[PDB]
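Geometric and topological summary
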Amino acid sequence: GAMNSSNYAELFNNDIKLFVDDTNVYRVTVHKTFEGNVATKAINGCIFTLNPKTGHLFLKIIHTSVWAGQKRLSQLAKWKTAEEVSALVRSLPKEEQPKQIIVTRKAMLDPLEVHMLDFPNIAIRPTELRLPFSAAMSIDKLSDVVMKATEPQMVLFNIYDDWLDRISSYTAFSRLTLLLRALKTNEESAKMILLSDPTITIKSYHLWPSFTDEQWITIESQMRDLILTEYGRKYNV
Amino acid sequence: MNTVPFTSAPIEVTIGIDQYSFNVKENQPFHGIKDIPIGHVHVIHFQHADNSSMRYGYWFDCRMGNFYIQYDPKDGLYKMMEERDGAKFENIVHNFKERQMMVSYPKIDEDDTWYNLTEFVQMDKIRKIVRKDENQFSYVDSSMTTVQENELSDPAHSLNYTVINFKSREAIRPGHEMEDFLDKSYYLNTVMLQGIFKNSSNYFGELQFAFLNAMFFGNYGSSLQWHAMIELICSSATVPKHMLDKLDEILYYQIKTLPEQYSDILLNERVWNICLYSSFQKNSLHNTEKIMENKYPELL
Ligand SMILES: CN(CCC(N)=O)Cc1ccccc1Br
Ligand SMILES: CN(CCC(N)=O)Cc1ccccc1Br
Ligand SMILES: CN(CCC(N)=O)Cc1ccccc1Br
C-alpha cells in the first residue's frame, strides 16, 4: 500500500525500488496573445526516476515535440510518464528491474499500473510523504541539460554524487530532501548558501559542491534555518 | 399456463415467484403455484421464517420439464425436482387444482414487468453460468461466489459469470494503453461482444440475470457483475445506437422494480454517478436518468 512515516526505512533495504515524480513532465509558460487572450507555450520537461538506495537518477528528458498536435496535455503527460517508465524497466536486465515503483502523486497509479500489466510482480505504490522532487529543476546541471535538449534523451546522474562513500543511503536521502525542500522554499537563498564560498567547487561529474563532512553539517544547519525562516516570513511567526 | 406443485410446506417460509412474494405458515395446506406464464424463464425462491439467512431459489423454464418442490428434512430446504412420468404429474396437478390448493401467479394484462426484466435471459445460458448439468433447473443462493471472486472457493458451487476487469491484458492492447483505458470500446466491441458473447442479446442476458440474482438473493458477486457490465458500456465512446436504447430500457425497469429500501446496498454510488454524469454515454440513458433522479436523488 502507501509508503509513509511508519515504513520509511523500507526505502533503504536491498529490494530494488524506484521513485517516479511526474511534476516536471509537462511545463508551460503562460502569456498574452496579440488579441489579448491567453495562450500557453510548452517548454522541455523531464521525468524524475530515482533509486533511493543507490542515488541512481534516470532523467528522461521530455522534448516539447511530444506534445505537438495532442489534446488534454495534463492527462497525456501522466500516460507518457508511465510509457517511459515501462520502457525503462523493459530495457533493464531482469535482475536490475525494480520490485516496487513508488509514485509521488496518486494520479500516476492507474497510468503506471496499466502500462505495467506485463509485470504483475512489480508493486505500484503511492506515498503519503510530501517529497520535494519538483525542485529537481533548481539543480543547475539538471535544468541545463533539460533546456538544451533538441530531441528526446535519457541522461544518468548519481544524485548523491560520492556521498555514499562516507554516509549511508538513509542519511544521503535525508540530505537530498533537505536540500530540495530548501531550494523549493527559497531557491535564491538556498543557492547562495550552497555556492557563496568560492573555494568549494562542484566537480565536473557532480551536481553539488565538494563539502567536507564538517561543511555539510554547517550547510545542513543553514538549510534548516532557511526553511524555518521562510516558514515565519510566510506565516508571520 | 404451467404449474409448480409442492409436496407440502412443513416449515414456515416466504416464497417468491419472480418479482412477487407471499407467506406460508408451518404445515399450512399449500400445494404450489399455478397459472405460470409459458414463454419466460422464472425463478422460485425461499426465505425461511426461522433463519432469514440464506435466501435460495431455482431458475427454471416450464417448457423444459415438469417440476415440483418437496422439502427435504435432512438438508433442511425446499428442493426442486423433476417428475419424468408426465401422466402421473398431470394427474396430481389436477387433484390440487380441483381442491384449490394452489395460489395463482397473478399476471395482470397491463404489466410487462417480468418480460422487461428477462427479455434476453435464456435457460441455456443460465445453465452455463450455474454448472449442475444433471438438472434442467438451476439453484442459486445468497452465499455463492463468482469465478472472479474465487480469483481475488468451491468451483462446483460458483457463478461462472464472464470475467470483466478493466486493468487486464485482455482489456488493454499494447500501445493503446491510454486509449483503451479511457475509452473501453475495443474491450466492449471486439473482445466481449464479437469475441465472447457473440451478440448483444447474450450480453444483455447475462446483465439481466446478474441483476436479478443480486435483487432476489442479495448475491454480492452478482451485484458486482451487473455494475461491471453497465460500466463497460457507459465507458465506451463507440456503442451501437440500438444497444444504448435497449440498455436504457433494461436499466429503467431494473431501477423501477428495485425495493426502495434496498437501494442503499444494491446500487453503487460511484458507478451510477459516473455513468449518468461523467461517462461517454452520460446523455444517452434518458429514461434511466429520469427514474434514478426522481426515485434515488440521494445517491446522486
Ligand atoms: C555511472 N553510471 C551512469 C553514468 C552514465 N551516463 O553512464 C551508473 C548509473 C546508472 C544508472 C543511472 C545513473 C547512474 Br550515475
Ligand atoms: C408427492 N408426489 C409424488 C406422488 C407419488 N409418486 O406417489 C410428488 C410430486 C410428483 C409429481 C407431481 C407433483 C408432485 Br407434488
Ligand atoms: C397475490 N400477492 C401479490 C399479487 C399482486 N397483486 O401483486 C402475493 C402472491 C403472489 C403470487 C402468487 C400468489 C400470491 Br398470494
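As deposited, the entry is annotated with X-ray crystallography as its determination method and 1.59 Å as its resolution.

Considerations on the overall build of chain B
Of regular secondary structure, chain B possesses 11 helices and 10 strands. Computed over its C-alpha atoms, the radius of gyration of chain B comes to 21 Å, within 12% of the 19 Å expected for a compact globule of 300 residues. By principal-axis analysis of the C-alpha atoms, chain B measures approximately 65 × 40 × 35 Å.

Some thoughts on the sheet that holds strand β10 (residues 138–141) of chain B
Residue and element names in this part refer to chain B. Ordered in space as β3-β2-β5-β6-β10, the 5 strands form an open sheet in which the pairing is antiparallel. The sheet is open, and its two borders are formed by β3 (20–24) and β10, each paired with just one other strand. Averaged over all pairs of adjacent strands, the angle between their axes in this sheet comes to 20°, without regard to strand direction. Bridge analysis of strand β2 (residues 13–17) against β3 gives 5 bridges, and the strand direction is antiparallel. Across the sheet, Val13 pairs through a bridge with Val24, a residue of β3. On top of the sheet, helix α6 (residues 200–217) reaches β5 (42–48), β6 (55–60) and β10; it is set at about 145° to β6, its chief contact.

Here's the deal with the interface of chain A and chain B
Accessible area lost upon the coming together of the parts is a frequently used measure of interface size. At the interface, 9 residues of chain A touch 8 residues of chain B. A buried area of about 900 Å², summed over both sides, lies between chain A and chain B, and 67% of it is on carbon and sulfur atoms. Area buried by chain A at its contact with chain B is led by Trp79, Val114 and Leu117 of chain A, which between them contribute 53% of it. In this structure, the connection of chain A to chain B is made through 3 salt bridges. One salt bridge connects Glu113 of chain A with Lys167 of chain B, and the closest N-O pair in it is separated by 2.8 Å. Where chain A touches chain B, the interface holds 3 residue pairs in polar contact.

A look at the sheet that holds strand β9 (residues 103–104) of chain B
All names here are of chain B. Spatially, the 3 strands line up as an open sheet ordered β1-β4-β9, and their pairing is mixed. Pairing within the sheet leaves two strands with one partner each, and these edge strands are β1 (2–5) and β9. Sheet topology places β1 next to strand β4 (residues 32–36); 3 bridges connect them, and they run antiparallel. Its bridge partner being in β4, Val4 is matched across the sheet by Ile33. In the packing of helix α1 (residues 86–98) onto the sheet, contacts are made with β1 and β4, and the angle to β1 comes to roughly 85°.

Section: the site of ligand 1
Residue and element names in this part refer to chain A. Neighbouring residues of ligand 1: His56, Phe58, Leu156, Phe157 and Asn158. Notes on ligand 1: free accessible area 400 Å², of which the protein chains cover 51%. Put simply, the parts of the chain that give the shell around ligand 1 at least two residues each are β5 (56–62) and β8 (153–158). For the shell around ligand 1, the element with the most residues is β8, which contributes 3 residues.

Looking at the site of ligand 2
All names here are of chain B. In the neighbourhood of ligand 2, the contacting residues comprise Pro5, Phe6, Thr7, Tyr68, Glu83, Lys88, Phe89 and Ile92. About the coverage of ligand 2: the protein hides 69% of its 420 Å² of free accessible area. Considering every element that reaches the shell around ligand 2, the biggest residue donor is α1, with 3 residues. Residues of the shell around ligand 2, tallied by class, amount to 5 nonpolar, 1 polar and 2 charged.

Concerning the side chain of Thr113 of chain B
Take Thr113 of chain B: it is sitting in helix α2 (residues 113–118). A relative accessible area of 13% means that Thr113 of chain B is categorised as buried.

Details of the packing of aromatic side chains
Residues and elements named next belong to chain B. Overall, the coordinates contain 40 aromatic pairs over all chains when judged by the stated rule. Ring geometry for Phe60 and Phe67: centres 6.4 Å apart, planes at 70°, overall edge-to-face. Note on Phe67: relative accessible area 1%, which makes it buried. Plain terms: the ring middles of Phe67 and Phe137 are 5.5 Å apart, the flat faces sit at 85° to each other, and that makes the pair edge-to-face. In this pair, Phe67 is assigned in strand β7 (residues 67–72) and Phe137 in the loop between α3 (123–129) and β10, connecting sequence segments 70 residues apart. Judged by relative accessible area, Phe137 falls into the buried class, the value being 6%. Ring-pair connections join several aromatic residues into one group, and the members of that group are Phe6, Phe22, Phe30, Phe46, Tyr56, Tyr58, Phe60, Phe67, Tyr71, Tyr78, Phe137 and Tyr139.

Quick notes on the rules
- Residues numbered from 1 in each chain as written, not as in the entry; some residues may be left out.
- Chains lettered and ligands numbered in written order.
- Heavy atoms only, no water.
- Residues with missing side-chain atoms left out of burial classes, pairs and counts.
- Helix = DSSP H or I, 4+ residues; strand = E, 2+ residues; numbered from the N terminus.
- Rg over C-alpha atoms; globule rule 2.2 N^0.38 Å.
- Pairing = 2+ DSSP bridges.
- Axes fitted to C-alpha atoms, helices over the stretch in contact; angles between N-to-C directions.
- Contact = heavy atoms within 4.5 Å.
- Buried area = accessible area lost by both parts, 1.4 Å probe.
- Salt bridge = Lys/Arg side-chain N within 4 Å of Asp/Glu carboxyl O.
- Polar contact = N/O pair within 3.5 Å; in protein donor to acceptor, adjacent residues only side chain to side chain.
- Near = heavy atom within 4 Å.
- Areas by Shrake-Rupley, 256 points an atom, 1.4 Å probe, with all protein chains shown as cover.
- Nonpolar A, V, L, I, M, F, W, Y, C, P; charged D, E, K, R; others polar.
- Buried < 20%, exposed > 50% of the residue type's maximum accessible area, 1.4 Å probe, protein only.
- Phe/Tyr/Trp six-rings, centres within 6.5 Å; stacked < 30°, edge-to-face > 60°.

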